[PDB]
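Asker: Handing you this structure, nothing more for now.
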Amino acid sequence: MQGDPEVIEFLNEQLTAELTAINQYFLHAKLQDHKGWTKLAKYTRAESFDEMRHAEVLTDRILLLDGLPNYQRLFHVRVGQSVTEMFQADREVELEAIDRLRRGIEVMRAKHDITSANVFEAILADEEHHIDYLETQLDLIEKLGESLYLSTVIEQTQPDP
Amino acid sequence: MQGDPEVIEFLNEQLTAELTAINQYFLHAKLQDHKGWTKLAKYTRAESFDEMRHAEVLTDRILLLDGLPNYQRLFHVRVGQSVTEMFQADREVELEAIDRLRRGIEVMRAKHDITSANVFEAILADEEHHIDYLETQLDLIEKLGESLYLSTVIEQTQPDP
Amino acid sequence: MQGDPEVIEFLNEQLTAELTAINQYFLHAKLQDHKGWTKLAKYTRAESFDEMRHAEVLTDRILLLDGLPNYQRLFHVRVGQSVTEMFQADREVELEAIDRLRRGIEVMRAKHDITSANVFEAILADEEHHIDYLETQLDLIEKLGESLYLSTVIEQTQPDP
Amino acid sequence: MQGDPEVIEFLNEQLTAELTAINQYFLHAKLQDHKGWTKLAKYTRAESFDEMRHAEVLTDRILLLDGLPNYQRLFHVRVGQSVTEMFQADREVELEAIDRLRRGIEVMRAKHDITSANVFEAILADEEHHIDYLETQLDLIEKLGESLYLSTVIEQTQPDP
Amino acid sequence: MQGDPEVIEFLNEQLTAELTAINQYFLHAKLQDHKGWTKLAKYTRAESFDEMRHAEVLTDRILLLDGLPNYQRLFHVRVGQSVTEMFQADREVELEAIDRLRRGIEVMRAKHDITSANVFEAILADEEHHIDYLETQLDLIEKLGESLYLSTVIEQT
Amino acid sequence: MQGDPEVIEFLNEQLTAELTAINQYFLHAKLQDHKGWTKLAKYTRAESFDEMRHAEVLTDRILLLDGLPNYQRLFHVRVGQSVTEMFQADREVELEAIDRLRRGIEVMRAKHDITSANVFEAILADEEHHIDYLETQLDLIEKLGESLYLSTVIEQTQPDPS
Ligand code: HEM
Ligand code: HEM
Ligand code: HEM
Ligand SMILES: [Fe+2]
Ligand SMILES: [Fe+2]
Ligand SMILES: [Fe+2]
Ligand SMILES: [Fe+2]
Ligand SMILES: [Fe+2]
Ligand SMILES: [Fe+2]
């Protein structure tokens, strides 16, 4: 087996994207936890781990076709300081990823490579779920009031580690 | 073994400081608990116990060098009535302690007494953690709003004992 | 409720006394343990803990009447080198305390404040028991012989942590 | 608290180095596992996890001093095809790291910041252990014979997930 | 890795000292146990085992720097007949060891080798504890009375 | 009772020999373990512990006769680099010990001291078994091939405590 060049290019793009996402999510997890906001920290940690698993699967697949994984690149990382900005950054990233996934699935399945298409389909479902949750939380913050919102996710524990 | 005079002087200063801190923390624990604020009471109580253990370790050490522990002194104790004032008092105390610890560690380790230096290093780490937590809580109170902050740490139980 | 000034004065004096006692007992516990006499260390440590509990109860009561606890003042602390001197110091302290307790209970119960009177009565019973035990041990030391007495409370641990 | 600029610079450099190491180790884990050499895969995977933990600790510390972690930069990643080349790459990386650690510990502890010095000391111990193991395995491969060496770490699983 | 010569010299001296201490402590354990004083035999055995562990750690460290451990040389061993003499011998040994440890830690940490300095720091803490206990027991023997002291550690079994 | 002088001399010599053996075996255990060879390390550690127990028994006996144990003297310690040299050193030591044990047992039992003779007999049995195992392993190394031999006792831990 030898996957064509274009399939490998798409797989590499998606791999780099998932890596960037891992980095962003972990940085945000630490930043949030340090300030007192706890449950947000727990949620964001879980999401980072999920993106890790994604990266693993893509790496294996791109190995099995006689490819050269690219663990040397990275797209721009964004960082915020309030809550609204964090959520907006994450929403932007997920949108871009979804568009790429769709285009890639089309081109792939038009060339008789089915397994890669299935991998992309799974990734796509998950990214859609995630963007949905982000949008919901953003709408709440808009409605209640930033102080009100924050006042529900603070507990008494040790900030630093 | 006979630790030099200056080492003993520094150990005695630190001992007196830890004693003062114990007293302040327990008074604040009672005052907070009596008004309804519960979780604050639990936290402050635990912190007082920790400072107790600190004092014990310092006493044992200063005994092992043929010294004369000083259980007769006390630095000025501060007391507030609101929350912000309590937190600010505690922050002031911790700052003073940290500065003393650093100067003492330097002078000690410049005279071939290593064990005392290690004791001071441990104490220093812990005091740093504590000051960090204090600053975080103070920032929250500044942001949310005093009443809207308190409204998260009140339960239905027996005030007095 | 607002307890009169005189009731609060008596409560404050008793509080300061129990604090001084806590300090003295703990210092003696360390000093005894460091020399090898363990079985005395255990007893004295337990007694210190009991006096701690005393202080806590008194503080709560003096809070419930709209008072101002006084955690800033200490009486004189005594320290002895041999054993007989330790026991004699403790006996002196307990005697002073008992006299104060009796006078206070009388004046209180002559003014329609019954709960404080009950608190004092409990404290009085306990401090009397303690003075009794002290006197007994002192009589033994007088009879047997100092060295022949010590020879019964030494074990093979000889610590100083 | 506000750590000086130079302390933060050293912490940031060490953080970037640990990140690069994580990436290299995991790529090597996958590459080895895919070819049949199992036990080497297990070992290298565990080492990657350890470096992950290192990175986390450094990030927290650099946060506590009011710093700006740098999750956006990577050094050069090396990849080899045979086994000897893998081991040699890892050895090179560890050497660079050790030199940096020593210089940094000196400069730090010459400026009254002790906790960062302790962090570096722990990291240094661990990196030394690791370089030792690498050198040992390389010497064996040199002695036995490459094929006769590999023949000891192959099992009947031959997966690639 | 290539540890300098002077670091290795200090490590070797400390190793030889710990070995001598092991030998002395075990001989004393047997001698005491044989006469009836059991409760002292137990303590002394435990201390010998601790010194064994010390020796092991030092040997490994001096191996990791490309060194040549020296398991061929011993210092002088002392032996006493009564009890006070045993305690005094042990006290002397520990004092000497402590002085060496301090000087070595200084010179080491002045040359960027940190892990060895940490090893020495741990050893130093432990030796200090031990010398303390020795001094305490000696003071008791001085106070109570030799026979009246012994009479508390004999056992019919 | 008081054992004669010559009995005590023989007991002291044997004690010194067992001490030297303890030292050699532990040094070899560390050296082997540090290079990767594991199972050899485990075996050699066990052997060192056995020699320790030997020394303990001998010292107790020499005390019970009103003697003066000699914890101050050591014979020469040998050290190698490869495997063959290690095994050959150990074989040499055991041979010497055997000869001494036999001569001593004879002289002892010719003087009405039976318990010491029994002690020596036990020690002798054990030393014989040990020398046997050494010779067997040496013959294997001769037959298979040094590298092809080592390739069977290496695992993926490669430690060196500190
Ligand atoms: C900056 C910090 C971290 C980075 C850059 C990072 C990155 C990675 C990468 C690149 C992988 C391999 C991708 C793959 O196998 O497909 C991975 C796997 C993994 N990492 Fe990390 N990681 C970080 C922190 C952590 C931490 C602190 C933990 C603590 C447990 C952790 C746990 C894991 C796990 C469990 C996996 C494998 C998940 C699975 O097998 O399903 N990661 N991570
Ligand atoms: C100079 C003043 C004091 C000193 C030196 C002191 C010392 C100590 C020490 C060393 C302990 C050790 C407990 C442990 O190791 O677990 C202790 C326990 C304790 N302290 Fe104090 N203390 C002081 C005053 C107080 C005060 C003012 C209070 C009450 C507000 C208090 C309440 C307690 C209690 C209740 C315990 C035991 C907790 C339990 O048994 O659950 N102490 N103290
Ligand atoms: C370099 C390391 C060691 C050395 C030099 C050493 C040396 C010795 C010596 C000289 C004796 C008894 C000597 C006599 O009876 O006069 C002995 C006995 C003993 N030591 Fe060690 N030892 C070492 C390691 C250890 C370790 C690590 C342990 C425990 C984990 C240990 C436990 C014992 C035991 C159990 C005995 C008695 C053996 C038996 O009853 O058969 N030794 N050792
Ligand atoms: Fe993803
Ligand atoms: Fe403290
Ligand atoms: Fe009392
Ligand atoms: Fe690392
Ligand atoms: Fe030692
Ligand atoms: Fe033997």
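Residues in the structure tokens are named by chain (A, B, ... in the order shown) and by number from 1 within that chain; ligands are numbered from 1 in the order shown.
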At a cut-off of 9 Å, can you tabulate as JSON lines every residue of chain F near ligand 3 together with its closest atom pair and the distance in Å to one decimal, using only C-alpha atoms and all ligand atoms and ordering rows by chain then number?
Answerer:
{"residue": "F:15", "atom": "CA", "partner": "ligand 3", "partner_atom_place_in_ligand_line": "16 (O)", "distance": 8.9}
{"residue": "F:19", "atom": "CA", "partner": "ligand 3", "partner_atom_place_in_ligand_line": "10 (C)", "distance": 6.9}
{"residue": "F:22", "atom": "CA", "partner": "ligand 3", "partner_atom_place_in_ligand_line": "7 (C)", "distance": 7.0}
{"residue": "F:23", "atom": "CA", "partner": "ligand 3", "partner_atom_place_in_ligand_line": "5 (C)", "distance": 6.3}
{"residue": "F:26", "atom": "CA", "partner": "ligand 3", "partner_atom_place_in_ligand_line": "1 (C)", "distance": 6.1}
{"residue": "F:27", "atom": "CA", "partner": "ligand 3", "partner_atom_place_in_ligand_line": "1 (C)", "distance": 7.7}
{"residue": "F:48", "atom": "CA", "partner": "ligand 3", "partner_atom_place_in_ligand_line": "22 (N)", "distance": 8.3}
{"residue": "F:49", "atom": "CA", "partner": "ligand 3", "partner_atom_place_in_ligand_line": "38 (C)", "distance": 6.0}
{"residue": "F:50", "atom": "CA", "partner": "ligand 3", "partner_atom_place_in_ligand_line": "41 (O)", "distance": 5.9}
{"residue": "F:51", "atom": "CA", "partner": "ligand 3", "partner_atom_place_in_ligand_line": "41 (O)", "distance": 7.6}
{"residue": "F:52", "atom": "CA", "partner": "ligand 3", "partner_atom_place_in_ligand_line": "17 (C)", "distance": 5.0}
{"residue": "F:53", "atom": "CA", "partner": "ligand 3", "partner_atom_place_in_ligand_line": "41 (O)", "distance": 3.2}
{"residue": "F:54", "atom": "CA", "partner": "ligand 3", "partner_atom_place_in_ligand_line": "41 (O)", "distance": 6.9}
{"residue": "F:55", "atom": "CA", "partner": "ligand 3", "partner_atom_place_in_ligand_line": "15 (O)", "distance": 5.1}
{"residue": "F:56", "atom": "CA", "partner": "ligand 3", "partner_atom_place_in_ligand_line": "15 (O)", "distance": 3.4}
{"residue": "F:57", "atom": "CA", "partner": "ligand 3", "partner_atom_place_in_ligand_line": "15 (O)", "distance": 7.2}
{"residue": "F:58", "atom": "CA", "partner": "ligand 3", "partner_atom_place_in_ligand_line": "15 (O)", "distance": 8.1}
{"residue": "F:59", "atom": "CA", "partner": "ligand 3", "partner_atom_place_in_ligand_line": "16 (O)", "distance": 6.3}
{"residue": "F:60", "atom": "CA", "partner": "ligand 3", "partner_atom_place_in_ligand_line": "15 (O)", "distance": 8.2}
{"residue": "F:71", "atom": "CA", "partner": "ligand 3", "partner_atom_place_in_ligand_line": "16 (O)", "distance": 7.6}
Asker: Go ahead and save the residues from that selection, with N, CA and C atoms, as a PDB file, in the first residue's frame.
Answerer:
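Contents of the output file selection.pdb:
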ATOM      1  N   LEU F  15      37.120 -16.827  59.965  1.00  0.00           N
ATOM      2  CA  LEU F  15      36.283 -15.634  60.036  1.00  0.00           C
ATOM      3  C   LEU F  15      36.780 -14.559  59.081  1.00  0.00           C
ATOM      4  N   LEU F  19      34.803 -12.804  55.798  1.00  0.00           N
ATOM      5  CA  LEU F  19      34.609 -11.362  55.645  1.00  0.00           C
ATOM      6  C   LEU F  19      35.104 -10.881  54.283  1.00  0.00           C
ATOM      7  N   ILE F  22      32.614 -11.754  51.649  1.00  0.00           N
ATOM      8  CA  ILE F  22      31.453 -10.866  51.634  1.00  0.00           C
ATOM      9  C   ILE F  22      31.761  -9.619  50.822  1.00  0.00           C
ATOM     10  N   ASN F  23      32.892  -8.983  51.124  1.00  0.00           N
ATOM     11  CA  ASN F  23      33.237  -7.748  50.424  1.00  0.00           C
ATOM     12  C   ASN F  23      33.309  -7.970  48.919  1.00  0.00           C
ATOM     13  N   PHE F  26      29.826  -8.512  47.196  1.00  0.00           N
ATOM     14  CA  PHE F  26      28.953  -7.354  47.033  1.00  0.00           C
ATOM     15  C   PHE F  26      29.491  -6.391  45.982  1.00  0.00           C
ATOM     16  N   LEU F  27      30.805  -6.159  45.967  1.00  0.00           N
ATOM     17  CA  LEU F  27      31.339  -5.297  44.920  1.00  0.00           C
ATOM     18  C   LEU F  27      30.983  -5.835  43.544  1.00  0.00           C
ATOM     19  N   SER F  48      26.166 -13.275  48.424  1.00  0.00           N
ATOM     20  CA  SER F  48      26.767 -12.414  49.436  1.00  0.00           C
ATOM     21  C   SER F  48      26.026 -12.536  50.759  1.00  0.00           C
ATOM     22  N   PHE F  49      24.694 -12.513  50.707  1.00  0.00           N
ATOM     23  CA  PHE F  49      23.942 -12.638  51.955  1.00  0.00           C
ATOM     24  C   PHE F  49      24.255 -13.950  52.664  1.00  0.00           C
ATOM     25  N   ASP F  50      24.376 -15.040  51.907  1.00  0.00           N
ATOM     26  CA  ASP F  50      24.719 -16.312  52.536  1.00  0.00           C
ATOM     27  C   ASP F  50      26.048 -16.214  53.280  1.00  0.00           C
ATOM     28  N   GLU F  51      27.065 -15.651  52.630  1.00  0.00           N
ATOM     29  CA  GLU F  51      28.344 -15.524  53.325  1.00  0.00           C
ATOM     30  C   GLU F  51      28.227 -14.664  54.579  1.00  0.00           C
ATOM     31  N   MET F  52      27.354 -13.658  54.560  1.00  0.00           N
ATOM     32  CA  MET F  52      27.113 -12.881  55.775  1.00  0.00           C
ATOM     33  C   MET F  52      26.639 -13.770  56.920  1.00  0.00           C
ATOM     34  N   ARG F  53      25.614 -14.582  56.666  1.00  0.00           N
ATOM     35  CA  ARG F  53      25.143 -15.485  57.716  1.00  0.00           C
ATOM     36  C   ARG F  53      26.271 -16.367  58.246  1.00  0.00           C
ATOM     37  N   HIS F  54      27.106 -16.884  57.342  1.00  0.00           N
ATOM     38  CA  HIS F  54      28.259 -17.674  57.768  1.00  0.00           C
ATOM     39  C   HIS F  54      29.084 -16.924  58.806  1.00  0.00           C
ATOM     40  N   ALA F  55      29.496 -15.703  58.458  1.00  0.00           N
ATOM     41  CA  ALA F  55      30.317 -14.923  59.378  1.00  0.00           C
ATOM     42  C   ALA F  55      29.649 -14.778  60.735  1.00  0.00           C
ATOM     43  N   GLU F  56      28.338 -14.535  60.744  1.00  0.00           N
ATOM     44  CA  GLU F  56      27.645 -14.359  62.019  1.00  0.00           C
ATOM     45  C   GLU F  56      27.790 -15.594  62.902  1.00  0.00           C
ATOM     46  N   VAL F  57      27.525 -16.771  62.331  1.00  0.00           N
ATOM     47  CA  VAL F  57      27.613 -17.996  63.128  1.00  0.00           C
ATOM     48  C   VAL F  57      29.018 -18.172  63.687  1.00  0.00           C
ATOM     49  N   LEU F  58      30.029 -17.955  62.844  1.00  0.00           N
ATOM     50  CA  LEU F  58      31.399 -18.156  63.306  1.00  0.00           C
ATOM     51  C   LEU F  58      31.744 -17.220  64.457  1.00  0.00           C
ATOM     52  N   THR F  59      31.312 -15.957  64.380  1.00  0.00           N
ATOM     53  CA  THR F  59      31.644 -15.036  65.463  1.00  0.00           C
ATOM     54  C   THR F  59      30.964 -15.439  66.759  1.00  0.00           C
ATOM     55  N   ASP F  60      29.699 -15.858  66.695  1.00  0.00           N
ATOM     56  CA  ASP F  60      29.053 -16.318  67.920  1.00  0.00           C
ATOM     57  C   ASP F  60      29.850 -17.447  68.556  1.00  0.00           C
ATOM     58  N   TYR F  71      37.844  -8.349  63.968  1.00  0.00           N
ATOM     59  CA  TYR F  71      37.134  -7.611  62.932  1.00  0.00           C
ATOM     60  C   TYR F  71      37.970  -6.480  62.354  1.00  0.00           C
TER      61      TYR F  71
END
Asker: Which residues of chain C are close to chain B, meaning at most 7 Å apart when you count only C-alpha atoms, and how do they look as a ChimeraX atom specification?
Answerer: /C:23,60,71-72,77,160-161
Asker: Please save N, CA and C atoms of the selected residues as a PDB file, in the first residue's frame.
Answerer:
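Just written: out_33.pdb:
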ATOM      1  N   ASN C  23       0.838  27.404  77.209  1.00  0.00           N
ATOM      2  CA  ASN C  23       2.222  27.626  76.799  1.00  0.00           C
ATOM      3  C   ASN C  23       3.191  26.890  77.714  1.00  0.00           C
ATOM      4  N   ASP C  60     -15.519  31.056  73.081  1.00  0.00           N
ATOM      5  CA  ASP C  60     -16.854  31.079  72.493  1.00  0.00           C
ATOM      6  C   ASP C  60     -17.843  31.774  73.418  1.00  0.00           C
ATOM      7  N   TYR C  71      -6.668  38.134  73.005  1.00  0.00           N
ATOM      8  CA  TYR C  71      -5.625  37.191  72.625  1.00  0.00           C
ATOM      9  C   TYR C  71      -4.266  37.862  72.491  1.00  0.00           C
ATOM     10  N   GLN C  72      -4.000  38.891  73.288  1.00  0.00           N
ATOM     11  CA  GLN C  72      -2.801  39.691  73.128  1.00  0.00           C
ATOM     12  C   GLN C  72      -1.937  39.778  74.378  1.00  0.00           C
ATOM     13  N   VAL C  77       5.561  33.266  82.594  1.00  0.00           N
ATOM     14  CA  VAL C  77       5.801  31.842  82.385  1.00  0.00           C
ATOM     15  C   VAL C  77       7.013  31.431  83.207  1.00  0.00           C
ATOM     16  N   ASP C 160      14.506  13.357  69.718  1.00  0.00           N
ATOM     17  CA  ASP C 160      14.430  14.808  69.832  1.00  0.00           C
ATOM     18  C   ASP C 160      14.095  15.396  68.465  1.00  0.00           C
ATOM     19  N   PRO C 161      12.912  15.091  67.909  1.00  0.00           N
ATOM     20  CA  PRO C 161      12.529  15.528  66.566  1.00  0.00           C
ATOM     21  C   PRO C 161      11.845  16.887  66.560  1.00  0.00           C
TER      22      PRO C 161
END
Asker: Taking 4 positions as the minimum chain separation for residues in the same chain, which residues sit within 9 Å of residue 2 of chain F when counting only C-alpha atoms? Answer as a list in words.
Answerer: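 Returned residues: residues 64, 65, 66 and 67 of chain F.
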Asker: Store the residues picked out above, limited to N, CA and C atoms, as a PDB file, in the first residue's frame.
Answerer:
ATOM      1  N   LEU F  64      31.684 -17.781  72.370  1.00  0.00           N
ATOM      2  CA  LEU F  64      31.265 -18.657  73.463  1.00  0.00           C
ATOM      3  C   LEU F  64      32.419 -19.403  74.123  1.00  0.00           C
ATOM      4  N   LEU F  65      33.631 -19.321  73.583  1.00  0.00           N
ATOM      5  CA  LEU F  65      34.792 -20.003  74.140  1.00  0.00           C
ATOM      6  C   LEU F  65      35.737 -19.062  74.869  1.00  0.00           C
ATOM      7  N   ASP F  66      35.317 -17.833  75.155  1.00  0.00           N
ATOM      8  CA  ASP F  66      36.215 -16.822  75.705  1.00  0.00           C
ATOM      9  C   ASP F  66      37.361 -16.535  74.731  1.00  0.00           C
ATOM     10  N   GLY F  67      36.979 -15.956  73.593  1.00  0.00           N
ATOM     11  CA  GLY F  67      37.917 -15.544  72.574  1.00  0.00           C
ATOM     12  C   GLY F  67      37.792 -14.064  72.254  1.00  0.00           C
TER      13      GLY F  67
END
Asker: So which residues are near ligand 8, meaning at most 7 Å away with only C-alpha atoms and all ligand atoms counted, given back as a tab-separated table (two decimals) with N, CA, C and O atoms, in the first residue's frame?
Answerer:
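The result, stored in part.tsv:
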chain	number	residue	atom	x	y	z
E	18	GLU	N	32.19	4.87	56.47
E	18	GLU	CA	30.94	4.15	56.75
E	18	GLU	C	31.21	2.66	56.93
E	18	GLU	O	30.58	2.01	57.78
E	51	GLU	N	23.76	2.03	58.84
E	51	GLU	CA	25.05	2.37	58.23
E	51	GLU	C	25.30	1.54	56.97
E	51	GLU	O	25.90	2.04	56.01
E	54	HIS	N	23.63	3.30	54.13
E	54	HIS	CA	24.46	4.44	53.75
E	54	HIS	C	25.56	4.02	52.78
E	54	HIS	O	25.76	4.63	51.72
E	123	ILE	N	23.20	12.48	54.54
E	123	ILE	CA	24.03	11.75	55.48
E	123	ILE	C	24.30	12.59	56.73
E	123	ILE	O	24.30	12.08	57.86
E	127	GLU	N	23.63	11.59	60.75
E	127	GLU	CA	24.71	11.47	61.73
E	127	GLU	C	24.49	12.41	62.91
E	127	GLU	O	24.81	12.05	64.06
Asker: Using only C-alpha atoms, which chain D residues lie at most 9 Å away from chain E, written as an MDAnalysis selection string?
Answerer: chainID D and resid 102:103 106 121 124:125 132
Asker: Can you check which parts of chain B lie within 12 Å of ligand 5? Per residue, the shortest pair of atoms and distance in Å to one decimal, counting only C-alpha atoms and all ligand atoms, sorted by chain and number, as a tab-separated table.
Answerer:
residue	atom	partner	partner_atom_place_in_ligand_line	distance
B:14	CA	ligand 5	1 (Fe)	8.7
B:15	CA	ligand 5	1 (Fe)	8.9
B:16	CA	ligand 5	1 (Fe)	10.5
B:17	CA	ligand 5	1 (Fe)	8.0
B:18	CA	ligand 5	1 (Fe)	5.3
B:19	CA	ligand 5	1 (Fe)	8.6
B:20	CA	ligand 5	1 (Fe)	9.9
B:21	CA	ligand 5	1 (Fe)	7.4
B:22	CA	ligand 5	1 (Fe)	8.4
B:23	CA	ligand 5	1 (Fe)	11.8
B:25	CA	ligand 5	1 (Fe)	11.0
B:47	CA	ligand 5	1 (Fe)	9.1
B:48	CA	ligand 5	1 (Fe)	9.0
B:49	CA	ligand 5	1 (Fe)	9.9
B:50	CA	ligand 5	1 (Fe)	7.2
B:51	CA	ligand 5	1 (Fe)	4.6
B:52	CA	ligand 5	1 (Fe)	7.8
B:53	CA	ligand 5	1 (Fe)	8.2
B:54	CA	ligand 5	1 (Fe)	5.4
B:55	CA	ligand 5	1 (Fe)	7.2
B:56	CA	ligand 5	1 (Fe)	10.4
B:57	CA	ligand 5	1 (Fe)	10.4
B:58	CA	ligand 5	1 (Fe)	9.9
B:90	CA	ligand 5	1 (Fe)	11.8
B:93	CA	ligand 5	1 (Fe)	10.3
B:94	CA	ligand 5	1 (Fe)	8.5
B:95	CA	ligand 5	1 (Fe)	11.6
B:96	CA	ligand 5	1 (Fe)	11.6
B:97	CA	ligand 5	1 (Fe)	8.2
B:98	CA	ligand 5	1 (Fe)	9.7
B:101	CA	ligand 5	1 (Fe)	10.5
B:119	CA	ligand 5	1 (Fe)	11.4
B:120	CA	ligand 5	1 (Fe)	10.2
B:121	CA	ligand 5	1 (Fe)	11.6
B:122	CA	ligand 5	1 (Fe)	9.8
B:123	CA	ligand 5	1 (Fe)	6.3
B:124	CA	ligand 5	1 (Fe)	8.3
B:125	CA	ligand 5	1 (Fe)	9.9
B:126	CA	ligand 5	1 (Fe)	7.3
B:127	CA	ligand 5	1 (Fe)	6.2
B:128	CA	ligand 5	1 (Fe)	10.0
B:129	CA	ligand 5	1 (Fe)	10.9
B:130	CA	ligand 5	1 (Fe)	9.3
B:131	CA	ligand 5	1 (Fe)	11.1
Asker: Tell me as a ChimeraX atom specification which residues belonging to chain D come within 12 Å of chain F, counting only C-alpha atoms.
Answerer: /D:38-44,125-126,128-153
Asker: Residues of chain E within 10 Å of chain F, using only C-alpha atoms, as a ChimeraX atom specification?
Answerer: /E:20,23-24,26-27,30-31,34,56-65,69-78,115-116,119
Asker: Could you turn the residues from that selection into a file that holds N, CA and C atoms, as a short mmCIF file (atom, residue, chain, number, x, y, z; two decimals), in the first residue's frame?
Answerer:
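The resulting file, selection.cif, is reproduced below:
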data_model
loop_
_atom_site.label_atom_id
_atom_site.label_comp_id
_atom_site.auth_asym_id
_atom_site.auth_seq_id
_atom_site.Cartn_x
_atom_site.Cartn_y
_atom_site.Cartn_z
N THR E 20 34.00 1.16 58.13
CA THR E 20 34.52 0.99 59.48
C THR E 20 33.40 1.04 60.51
N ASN E 23 31.41 -2.20 60.76
CA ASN E 23 32.12 -3.24 61.49
C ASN E 23 32.03 -3.02 62.99
N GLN E 24 32.34 -1.81 63.44
CA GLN E 24 32.32 -1.54 64.87
C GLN E 24 30.94 -1.81 65.46
N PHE E 26 28.48 -3.72 64.53
CA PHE E 26 28.04 -5.10 64.66
C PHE E 26 28.82 -5.84 65.74
N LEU E 27 30.14 -5.62 65.81
CA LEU E 27 30.88 -6.25 66.89
C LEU E 27 30.29 -5.88 68.24
N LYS E 30 27.00 -7.84 69.03
CA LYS E 30 27.22 -9.18 69.55
C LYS E 30 27.72 -9.14 71.00
N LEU E 31 28.76 -8.34 71.26
CA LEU E 31 29.33 -8.32 72.60
C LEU E 31 28.28 -7.99 73.64
N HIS E 34 25.67 -10.85 74.23
CA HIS E 34 26.17 -12.05 74.89
C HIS E 34 26.11 -11.96 76.41
N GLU E 56 25.81 1.52 50.84
CA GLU E 56 25.30 1.14 49.52
C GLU E 56 25.08 2.36 48.64
N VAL E 57 24.40 3.37 49.19
CA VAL E 57 24.10 4.57 48.39
C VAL E 57 25.39 5.22 47.90
N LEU E 58 26.36 5.38 48.80
CA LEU E 58 27.61 6.02 48.39
C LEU E 58 28.31 5.22 47.29
N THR E 59 28.33 3.89 47.41
CA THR E 59 28.98 3.09 46.38
C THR E 59 28.35 3.33 45.02
N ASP E 60 27.03 3.29 44.96
CA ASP E 60 26.39 3.50 43.66
C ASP E 60 26.75 4.86 43.09
N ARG E 61 26.63 5.91 43.90
CA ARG E 61 26.96 7.23 43.39
C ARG E 61 28.37 7.26 42.81
N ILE E 62 29.35 6.77 43.57
CA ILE E 62 30.72 6.83 43.07
C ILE E 62 30.91 5.96 41.84
N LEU E 63 30.03 4.99 41.61
CA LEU E 63 30.09 4.27 40.34
C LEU E 63 29.61 5.13 39.19
N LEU E 64 28.54 5.90 39.40
CA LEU E 64 27.89 6.56 38.27
C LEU E 64 28.76 7.64 37.62
N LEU E 65 29.83 8.09 38.28
CA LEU E 65 30.71 9.11 37.74
C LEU E 65 31.97 8.52 37.11
N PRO E 69 35.43 2.37 43.20
CA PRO E 69 35.18 2.18 44.63
C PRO E 69 36.34 1.44 45.29
N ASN E 70 36.54 1.71 46.57
CA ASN E 70 37.69 1.18 47.31
C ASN E 70 37.18 0.34 48.47
N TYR E 71 36.95 -0.95 48.21
CA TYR E 71 36.48 -1.89 49.22
C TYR E 71 37.62 -2.68 49.85
N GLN E 72 38.80 -2.07 49.96
CA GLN E 72 39.99 -2.78 50.40
C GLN E 72 40.66 -2.18 51.63
N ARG E 73 40.20 -1.04 52.12
CA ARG E 73 40.88 -0.31 53.18
C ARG E 73 39.94 -0.01 54.33
N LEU E 74 40.45 -0.08 55.56
CA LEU E 74 39.67 0.22 56.75
C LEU E 74 40.48 1.11 57.68
N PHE E 75 39.78 1.97 58.40
CA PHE E 75 40.39 2.78 59.45
C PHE E 75 40.52 1.92 60.70
N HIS E 76 40.87 2.54 61.82
CA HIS E 76 41.07 1.79 63.06
C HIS E 76 39.73 1.51 63.73
N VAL E 77 39.58 0.29 64.24
CA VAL E 77 38.38 -0.12 64.96
C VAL E 77 38.68 -0.11 66.45
N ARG E 78 37.76 0.45 67.24
CA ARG E 78 37.90 0.53 68.68
C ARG E 78 36.89 -0.40 69.35
N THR E 115 24.32 16.97 42.91
CA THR E 115 23.73 15.75 43.44
C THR E 115 24.57 15.17 44.57
N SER E 116 25.89 15.18 44.42
CA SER E 116 26.76 14.72 45.49
C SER E 116 26.56 15.56 46.75
N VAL E 119 23.50 14.31 48.50
CA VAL E 119 23.78 13.06 49.21
C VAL E 119 24.44 13.36 50.55
#
Asker: Pull the alpha helix (DSSP H) assignments for segment 32-143 of chain C out of DSSP run on the backbone, and list those residues as number ranges by chain.
Answerer: C: 32-35, 38-64, 83-109, 114-143
Asker: For residue 84 of chain F, please output as a PyMOL selection string all residues within 9 Å (counting only C-alpha atoms; exclusion window: fewer than 4 positions along the same chain).
Answerer: chain F and resi 80+88-89+138+141-142+146
Asker: Can you work out the spacing between atom CA of residue 156 of chain E and atom CA of residue 143 of chain E in Å, to one decimal?
Answerer: 26.0 Å
